[PDB]
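Peer 1: For reference, this is work-v7.pdb, and it has PDB, N, CA and C atoms.
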```pdb
ATOM      1  N   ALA E   1     217.186 103.274 127.436
ATOM      2  CA  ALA E   1     217.983 102.007 127.433
ATOM      3  C   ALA E   1     218.355 101.486 128.841
ATOM      4  N   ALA E   2     218.261 100.166 129.070
ATOM      5  CA  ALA E   2     218.778  99.524 130.277
ATOM      6  C   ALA E   2     219.797  98.463 129.861
ATOM      7  N   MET E   3     220.675  98.057 130.776
ATOM      8  CA  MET E   3     221.611  96.968 130.503
ATOM      9  C   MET E   3     221.447  95.882 131.553
ATOM     10  N   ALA E   4     221.168  94.671 131.117
ATOM     11  CA  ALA E   4     221.079  93.595 132.087
ATOM     12  C   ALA E   4     222.413  93.405 132.807
ATOM     13  N   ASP E   5     222.363  93.296 134.138
ATOM     14  CA  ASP E   5     223.598  93.060 134.878
ATOM     15  C   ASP E   5     223.323  92.434 136.236
ATOM     16  N   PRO E   6     222.719  91.252 136.285
ATOM     17  CA  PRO E   6     222.357  90.655 137.581
ATOM     18  C   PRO E   6     223.602  90.318 138.408
ATOM     19  N   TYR E   7     223.412  90.308 139.731
ATOM     20  CA  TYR E   7     224.534  90.038 140.609
ATOM     21  C   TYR E   7     224.057  89.499 141.944
ATOM     22  N   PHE E   8     224.974  88.863 142.650
ATOM     23  CA  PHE E   8     224.765  88.472 144.026
ATOM     24  C   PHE E   8     225.567  89.423 144.900
ATOM     25  N   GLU E   9     224.959  89.929 145.935
ATOM     26  CA  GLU E   9     225.625  90.903 146.797
ATOM     27  C   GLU E   9     225.947  90.352 148.179
ATOM     28  N   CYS E  10     227.232  90.193 148.462
ATOM     29  CA  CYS E  10     227.723  89.887 149.787
ATOM     30  C   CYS E  10     227.975  91.161 150.592
ATOM     31  N   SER E  11     228.351  90.974 151.853
ATOM     32  CA  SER E  11     228.509  92.103 152.764
ATOM     33  C   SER E  11     229.596  93.047 152.253
ATOM     34  N   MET E  12     229.541  94.287 152.747
ATOM     35  CA  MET E  12     230.397  95.377 152.282
ATOM     36  C   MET E  12     230.167  95.685 150.814
ATOM     37  N   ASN E  13     228.951  95.489 150.345
ATOM     38  CA  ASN E  13     228.604  95.773 148.960
ATOM     39  C   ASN E  13     229.548  95.038 148.003
ATOM     40  N   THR E  14     229.819  93.769 148.307
ATOM     41  CA  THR E  14     230.747  92.952 147.508
ATOM     42  C   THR E  14     229.938  92.144 146.497
ATOM     43  N   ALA E  15     229.915  92.615 145.253
ATOM     44  CA  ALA E  15     229.035  92.070 144.212
ATOM     45  C   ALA E  15     229.742  90.972 143.432
ATOM     46  N   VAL E  16     229.063  89.853 143.229
ATOM     47  CA  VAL E  16     229.559  88.769 142.380
ATOM     48  C   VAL E  16     228.667  88.746 141.160
ATOM     49  N   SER E  17     229.219  89.018 139.970
ATOM     50  CA  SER E  17     228.302  89.184 138.823
ATOM     51  C   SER E  17     227.806  87.843 138.301
ATOM     52  N   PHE E  18     226.513  87.809 137.984
ATOM     53  CA  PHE E  18     225.885  86.645 137.377
ATOM     54  C   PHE E  18     226.519  86.345 136.034
ATOM     55  N   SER E  19     226.811  87.408 135.259
ATOM     56  CA  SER E  19     227.489  87.224 133.979
ATOM     57  C   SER E  19     228.865  86.603 134.133
ATOM     58  N   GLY E  20     229.613  87.017 135.157
ATOM     59  CA  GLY E  20     230.931  86.427 135.383
ATOM     60  C   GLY E  20     230.829  84.978 135.772
ATOM     61  N   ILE E  21     229.793  84.632 136.526
ATOM     62  CA  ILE E  21     229.556  83.229 136.856
ATOM     63  C   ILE E  21     229.277  82.420 135.598
ATOM     64  N   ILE E  22     228.445  82.946 134.686
ATOM     65  CA  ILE E  22     228.185  82.187 133.452
ATOM     66  C   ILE E  22     229.487  81.936 132.686
ATOM     67  N   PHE E  23     230.351  82.966 132.561
ATOM     68  CA  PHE E  23     231.636  82.745 131.873
ATOM     69  C   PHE E  23     232.480  81.676 132.573
ATOM     70  N   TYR E  24     232.527  81.734 133.895
ATOM     71  CA  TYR E  24     233.278  80.760 134.660
ATOM     72  C   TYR E  24     232.773  79.352 134.404
ATOM     73  N   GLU E  25     231.457  79.195 134.335
ATOM     74  CA  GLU E  25     230.883  77.881 134.106
ATOM     75  C   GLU E  25     231.290  77.310 132.764
ATOM     76  N   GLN E  26     231.599  78.166 131.783
ATOM     77  CA  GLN E  26     231.946  77.586 130.482
ATOM     78  C   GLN E  26     233.247  76.813 130.527
ATOM     79  N   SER E  27     234.104  77.082 131.488
ATOM     80  CA  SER E  27     235.399  76.434 131.520
ATOM     81  C   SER E  27     235.708  75.735 132.831
ATOM     82  N   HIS E  28     234.808  75.790 133.806
ATOM     83  CA  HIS E  28     235.000  75.029 135.033
ATOM     84  C   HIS E  28     233.697  74.312 135.393
ATOM     85  N   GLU E  29     233.817  73.041 135.775
ATOM     86  CA  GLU E  29     232.654  72.304 136.250
ATOM     87  C   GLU E  29     232.435  72.509 137.754
ATOM     88  N   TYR E  30     231.182  72.435 138.184
ATOM     89  CA  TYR E  30     230.895  72.410 139.615
ATOM     90  C   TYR E  30     231.386  71.099 140.226
ATOM     91  N   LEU E  31     231.762  71.137 141.510
ATOM     92  CA  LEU E  31     232.375  70.003 142.202
ATOM     93  C   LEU E  31     231.429  69.508 143.283
ATOM     94  N   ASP E  32     231.703  68.299 143.808
ATOM     95  CA  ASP E  32     230.883  67.752 144.871
ATOM     96  C   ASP E  32     230.859  68.717 146.055
ATOM     97  N   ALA E  33     229.728  68.760 146.719
ATOM     98  CA  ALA E  33     229.567  69.535 147.940
ATOM     99  C   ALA E  33     230.587  69.102 149.002
ATOM    100  N   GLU E  34     230.965  70.013 149.788
ATOM    101  CA  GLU E  34     231.840  69.737 150.905
ATOM    102  C   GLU E  34     231.007  69.685 152.180
ATOM    103  N   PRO E  35     231.450  68.967 153.220
ATOM    104  CA  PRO E  35     230.663  68.924 154.465
ATOM    105  C   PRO E  35     230.364  70.321 154.999
ATOM    106  N   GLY E  36     229.133  70.508 155.485
ATOM    107  CA  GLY E  36     228.664  71.761 156.038
ATOM    108  C   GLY E  36     228.135  72.744 155.014
ATOM    109  N   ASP E  37     228.262  72.437 153.727
ATOM    110  CA  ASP E  37     227.672  73.332 152.739
ATOM    111  C   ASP E  37     226.159  73.395 152.937
ATOM    112  N   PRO E  38     225.545  74.539 152.656
ATOM    113  CA  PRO E  38     224.077  74.644 152.799
ATOM    114  C   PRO E  38     223.328  73.633 151.965
ATOM    115  N   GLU E  39     222.324  73.020 152.587
ATOM    116  CA  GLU E  39     221.485  72.064 151.885
ATOM    117  C   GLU E  39     220.274  72.762 151.276
ATOM    118  N   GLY E  40     219.554  72.032 150.411
ATOM    119  CA  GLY E  40     218.313  72.534 149.865
ATOM    120  C   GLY E  40     217.148  72.373 150.819
ATOM    121  N   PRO E  41     215.970  72.829 150.366
ATOM    122  CA  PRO E  41     214.808  72.916 151.286
ATOM    123  C   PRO E  41     214.224  71.599 151.668
ATOM    124  N   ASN E  42     214.519  70.553 150.910
ATOM    125  CA  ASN E  42     214.132  69.190 151.258
ATOM    126  C   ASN E  42     215.346  68.309 151.558
ATOM    127  N   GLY E  43     216.482  68.912 151.869
ATOM    128  CA  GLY E  43     217.718  68.194 152.165
ATOM    129  C   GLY E  43     218.630  67.918 150.986
ATOM    130  N   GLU E  44     218.377  68.547 149.836
ATOM    131  CA  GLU E  44     219.179  68.298 148.641
ATOM    132  C   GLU E  44     220.628  68.720 148.868
ATOM    133  N   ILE E  45     221.550  67.955 148.287
ATOM    134  CA  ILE E  45     222.977  68.280 148.302
ATOM    135  C   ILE E  45     223.369  68.783 146.921
ATOM    136  N   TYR E  46     223.947  69.991 146.873
ATOM    137  CA  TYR E  46     224.189  70.648 145.616
ATOM    138  C   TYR E  46     225.667  70.681 145.250
ATOM    139  N   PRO E  47     225.984  70.511 143.977
ATOM    140  CA  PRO E  47     227.345  70.817 143.521
ATOM    141  C   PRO E  47     227.646  72.298 143.676
ATOM    142  N   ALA E  48     228.939  72.610 143.773
ATOM    143  CA  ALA E  48     229.291  73.991 144.076
ATOM    144  C   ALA E  48     230.735  74.241 143.729
ATOM    145  N   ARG E  49     231.093  75.512 143.691
ATOM    146  CA  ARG E  49     232.485  75.926 143.626
ATOM    147  C   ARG E  49     232.696  76.991 144.689
ATOM    148  N   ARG E  50     233.913  77.092 145.211
ATOM    149  CA  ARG E  50     234.196  78.129 146.202
ATOM    150  C   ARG E  50     235.469  78.861 145.816
ATOM    151  N   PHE E  51     235.527  80.128 146.189
ATOM    152  CA  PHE E  51     236.717  80.899 145.884
ATOM    153  C   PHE E  51     236.909  82.079 146.824
ATOM    154  N   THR E  52     238.101  82.643 146.771
ATOM    155  CA  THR E  52     238.422  83.798 147.598
ATOM    156  C   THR E  52     238.302  85.063 146.756
ATOM    157  N   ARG E  53     237.717  86.090 147.362
ATOM    158  CA  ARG E  53     237.593  87.412 146.765
ATOM    159  C   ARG E  53     238.197  88.466 147.675
ATOM    160  N   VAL E  54     238.997  89.373 147.110
ATOM    161  CA  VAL E  54     239.491  90.523 147.859
ATOM    162  C   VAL E  54     238.462  91.655 147.759
ATOM    163  N   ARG E  55     238.110  92.225 148.898
ATOM    164  CA  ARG E  55     237.032  93.191 148.981
ATOM    165  C   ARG E  55     237.613  94.591 148.837
ATOM    166  N   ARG E  56     236.743  95.604 148.737
ATOM    167  CA  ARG E  56     237.265  96.948 148.451
ATOM    168  C   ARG E  56     238.193  97.450 149.536
ATOM    169  N   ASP E  57     237.947  97.038 150.769
ATOM    170  CA  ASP E  57     238.766  97.530 151.865
ATOM    171  C   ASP E  57     240.056  96.751 152.030
ATOM    172  N   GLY E  58     240.315  95.775 151.172
ATOM    173  CA  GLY E  58     241.533  95.006 151.265
ATOM    174  C   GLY E  58     241.395  93.697 152.015
ATOM    175  N   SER E  59     240.264  93.449 152.671
ATOM    176  CA  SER E  59     240.055  92.162 153.324
ATOM    177  C   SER E  59     239.616  91.116 152.289
ATOM    178  N   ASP E  60     239.701  89.848 152.693
ATOM    179  CA  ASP E  60     239.371  88.681 151.887
ATOM    180  C   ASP E  60     238.087  88.056 152.393
ATOM    181  N   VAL E  61     237.325  87.463 151.481
ATOM    182  CA  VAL E  61     236.143  86.689 151.843
ATOM    183  C   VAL E  61     236.062  85.400 151.020
ATOM    184  N   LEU E  62     235.565  84.336 151.648
ATOM    185  CA  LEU E  62     235.324  83.076 150.942
ATOM    186  C   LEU E  62     233.876  83.028 150.482
ATOM    187  N   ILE E  63     233.671  82.823 149.177
ATOM    188  CA  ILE E  63     232.365  82.842 148.520
ATOM    189  C   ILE E  63     232.088  81.456 147.933
ATOM    190  N   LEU E  64     230.900  80.940 148.187
ATOM    191  CA  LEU E  64     230.419  79.648 147.715
ATOM    192  C   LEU E  64     229.338  79.895 146.679
ATOM    193  N   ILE E  65     229.471  79.281 145.505
ATOM    194  CA  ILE E  65     228.442  79.339 144.467
ATOM    195  C   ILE E  65     227.899  77.928 144.300
ATOM    196  N   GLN E  66     226.615  77.753 144.581
ATOM    197  CA  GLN E  66     225.957  76.453 144.392
ATOM    198  C   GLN E  66     225.129  76.464 143.113
ATOM    199  N   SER E  67     225.102  75.303 142.452
ATOM    200  CA  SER E  67     224.294  75.048 141.267
ATOM    201  C   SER E  67     223.042  74.284 141.692
ATOM    202  N   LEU E  68     221.863  74.836 141.421
ATOM    203  CA  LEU E  68     220.631  74.171 141.841
ATOM    204  C   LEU E  68     219.456  74.510 140.922
ATOM    205  N   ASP E  69     218.349  73.755 141.059
ATOM    206  CA  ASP E  69     217.219  73.928 140.137
ATOM    207  C   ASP E  69     216.282  75.088 140.478
ATOM    208  N   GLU E  70     216.539  75.840 141.538
ATOM    209  CA  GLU E  70     215.817  77.059 141.866
ATOM    210  C   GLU E  70     216.329  78.208 141.002
ATOM    211  N   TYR E  71     215.409  79.017 140.488
ATOM    212  CA  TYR E  71     215.787  80.238 139.801
ATOM    213  C   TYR E  71     216.683  81.083 140.696
ATOM    214  N   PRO E  72     217.765  81.668 140.163
ATOM    215  CA  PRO E  72     218.258  81.751 138.786
ATOM    216  C   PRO E  72     219.285  80.667 138.450
ATOM    217  N   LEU E  73     219.151  79.515 139.107
ATOM    218  CA  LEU E  73     219.892  78.282 138.908
ATOM    219  C   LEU E  73     221.283  78.328 139.561
ATOM    220  N   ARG E  74     221.638  79.418 140.280
ATOM    221  CA  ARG E  74     222.823  79.493 141.118
ATOM    222  C   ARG E  74     222.392  80.245 142.370
ATOM    223  N   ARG E  75     223.060  79.976 143.480
ATOM    224  CA  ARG E  75     222.919  80.843 144.638
ATOM    225  C   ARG E  75     224.266  80.985 145.322
ATOM    226  N   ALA E  76     224.421  82.041 146.089
ATOM    227  CA  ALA E  76     225.734  82.391 146.622
ATOM    228  C   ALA E  76     225.684  82.617 148.116
ATOM    229  N   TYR E  77     226.752  82.199 148.785
ATOM    230  CA  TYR E  77     226.938  82.402 150.215
ATOM    231  C   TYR E  77     228.330  82.948 150.474
ATOM    232  N   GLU E  78     228.494  83.667 151.572
ATOM    233  CA  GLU E  78     229.815  84.035 152.040
ATOM    234  C   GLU E  78     230.056  83.371 153.393
ATOM    235  N   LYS E  79     231.297  82.970 153.661
ATOM    236  CA  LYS E  79     231.625  82.327 154.931
ATOM    237  C   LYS E  79     231.842  83.392 155.989
ATOM    238  N   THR E  80     231.154  83.241 157.095
ATOM    239  CA  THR E  80     231.030  84.273 158.063
ATOM    240  C   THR E  80     231.240  83.642 159.357
ATOM    241  N   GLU E  81     230.488  84.382 160.280
ATOM    242  CA  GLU E  81     231.317  84.950 161.403
ATOM    243  C   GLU E  81     231.824  83.795 161.975
ATOM    244  N   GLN E  82     231.142  82.661 161.641
ATOM    245  CA  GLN E  82     229.928  82.260 162.353
ATOM    246  C   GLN E  82     228.979  81.429 161.417
ATOM    247  N   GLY E  83     229.443  80.950 160.270
ATOM    248  CA  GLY E  83     228.670  80.108 159.370
ATOM    249  C   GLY E  83     228.340  80.799 158.046
ATOM    250  N   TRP E  84     227.585  80.111 157.214
ATOM    251  CA  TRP E  84     227.314  80.645 155.891
ATOM    252  C   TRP E  84     226.242  81.719 155.943
ATOM    253  N   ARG E  85     226.421  82.776 155.149
ATOM    254  CA  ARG E  85     225.439  83.835 155.019
ATOM    255  C   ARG E  85     225.055  84.075 153.564
ATOM    256  N   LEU E  86     223.734  84.089 153.255
ATOM    257  CA  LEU E  86     223.291  84.298 151.870
ATOM    258  C   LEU E  86     223.746  85.647 151.341
ATOM    259  N   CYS E  87     224.131  85.661 150.069
ATOM    260  CA  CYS E  87     224.447  86.857 149.288
ATOM    261  C   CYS E  87     223.307  87.053 148.299
ATOM    262  N   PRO E  88     222.344  87.902 148.579
ATOM    263  CA  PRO E  88     221.096  87.884 147.802
ATOM    264  C   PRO E  88     221.286  88.280 146.356
ATOM    265  N   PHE E  89     220.404  87.730 145.531
ATOM    266  CA  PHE E  89     220.358  88.037 144.122
ATOM    267  C   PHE E  89     219.616  89.329 143.840
ATOM    268  N   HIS E  90     220.173  90.117 142.920
ATOM    269  CA  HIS E  90     219.625  91.380 142.491
ATOM    270  C   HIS E  90     219.714  91.521 140.976
ATOM    271  N   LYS E  91     218.658  92.110 140.401
ATOM    272  CA  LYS E  91     218.582  92.384 138.968
ATOM    273  C   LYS E  91     218.326  93.863 138.837
ATOM    274  N   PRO E  92     219.324  94.664 138.514
ATOM    275  CA  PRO E  92     219.147  96.114 138.338
ATOM    276  C   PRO E  92     218.232  96.447 137.165
TER     277      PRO E  92
END
```
Do you think you could lay out the structure here as structure tokens?
Peer 2:
Amino acid sequence: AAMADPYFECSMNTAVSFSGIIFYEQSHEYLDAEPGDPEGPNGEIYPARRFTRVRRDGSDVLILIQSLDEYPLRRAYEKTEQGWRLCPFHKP
């Protein structure tokens, strides 16, 4: 037996679950992009939501979830040092 549990992984092994994102979408709509948000590969501007997450070590991180037509139809970034950094998608 396996259990589906896809996730996006930010630094410090900070996982944002794909399943939790789907639940969130049922009750919150994506909002207009804010200036400086990552664009698409041909300059597309994507709707998104952003939120704060407390990490295992007690620090906080700002996470951006964009809605787009690329599989798996969401992508995630964390605000860094120094600009946005991708939180790659993983399917265990």
Peer 1: Set the distance at 12 Å and use only C-alpha atoms: which residues neighbour residue E:35 once local chain neighbours fewer than 3 positions away are removed? I'd like the list as a PyMOL selection string.
Peer 2: chain E and resi 32+38-39+45-48
Peer 1: Which residues, written as a short mmCIF file (atom, residue, chain, number, x, y, z; two decimals) with N, CA and C atoms, keeping the file's coordinate frame, have at least one atom at most 7 Å from stretch 58-73 of chain E, with only C-alpha atoms counted and residues fewer than 4 positions away on the same chain left out?
Peer 2:
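Listed below is the output, out.cif:
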```cif
data_model
loop_
_atom_site.label_atom_id
_atom_site.label_comp_id
_atom_site.auth_asym_id
_atom_site.auth_seq_id
_atom_site.Cartn_x
_atom_site.Cartn_y
_atom_site.Cartn_z
N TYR E 46 223.95 69.99 146.87
CA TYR E 46 224.19 70.65 145.62
C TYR E 46 225.67 70.68 145.25
N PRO E 47 225.98 70.51 143.98
CA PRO E 47 227.34 70.82 143.52
C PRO E 47 227.65 72.30 143.68
N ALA E 48 228.94 72.61 143.77
CA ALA E 48 229.29 73.99 144.08
C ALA E 48 230.74 74.24 143.73
N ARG E 49 231.09 75.51 143.69
CA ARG E 49 232.48 75.93 143.63
C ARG E 49 232.70 76.99 144.69
N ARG E 50 233.91 77.09 145.21
CA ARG E 50 234.20 78.13 146.20
C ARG E 50 235.47 78.86 145.82
N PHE E 51 235.53 80.13 146.19
CA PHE E 51 236.72 80.90 145.88
C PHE E 51 236.91 82.08 146.82
N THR E 52 238.10 82.64 146.77
CA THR E 52 238.42 83.80 147.60
C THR E 52 238.30 85.06 146.76
N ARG E 53 237.72 86.09 147.36
CA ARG E 53 237.59 87.41 146.76
C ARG E 53 238.20 88.47 147.68
N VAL E 54 239.00 89.37 147.11
CA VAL E 54 239.49 90.52 147.86
C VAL E 54 238.46 91.66 147.76
N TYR E 77 226.75 82.20 148.78
CA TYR E 77 226.94 82.40 150.22
C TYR E 77 228.33 82.95 150.47
N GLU E 78 228.49 83.67 151.57
CA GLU E 78 229.82 84.04 152.04
C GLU E 78 230.06 83.37 153.39
N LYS E 79 231.30 82.97 153.66
CA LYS E 79 231.62 82.33 154.93
C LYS E 79 231.84 83.39 155.99
#
```
Peer 1: Give the answer as one residue: which of E:74, E:40, E:85, E:90 has the shortest atom-to-atom distance to residue E:5, using all atoms listed in the file?
Peer 2: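 Of E:74, E:40, E:85, E:90, the one nearest residue E:5 is E:90, counting all atoms listed in the file.
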Peer 1: What does the distance between atom N of residue E:33 and atom CA of residue E:91 come to in Å, to one decimal place?
Peer 2: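 Here the two named atoms are 27.2 Å from each other.
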Peer 1: By how many Å are atom CA of residue E:1 and atom CA of residue E:13 apart?
Peer 2: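 Those two atoms sit 24.8 Å apart.
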